[PDB]
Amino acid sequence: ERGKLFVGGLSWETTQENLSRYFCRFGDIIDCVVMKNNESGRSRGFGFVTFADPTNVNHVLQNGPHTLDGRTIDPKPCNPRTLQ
């Protein structure tokens, strides 16, 4: 997979729906999650966005800085977790 972005530095208030809304300005999104604490269900302050078109990752990176919910957030390209 080529189109996955890690996004760090999120406020714990930011929902994955809001995260997706923000990053859709750079392309169609096929997955967007905010990682949650297993016990509490609260955001851990980071997530992942997967673009349908992997060329959109570089478009995000060259059009910063990025702010969401009053935080400067930290999008980075990532090599995705591999499955079976």
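All residue numbers refer to positions in the sequence shown, first residue = 1.
Higher mean CA B-factor, judged across 30-38 and 46-54 from the recorded values: 30-38. The deposited CA B-factor of residue 16 belongs to the middle third of values across its chain. When all modelled residues of the chain are sorted by CA temperature factor, residue 8 is found within the lowest third. In the PDB entry, a CA B factor belonging to the highest third of its chain's modelled residues is recorded for residue 71.
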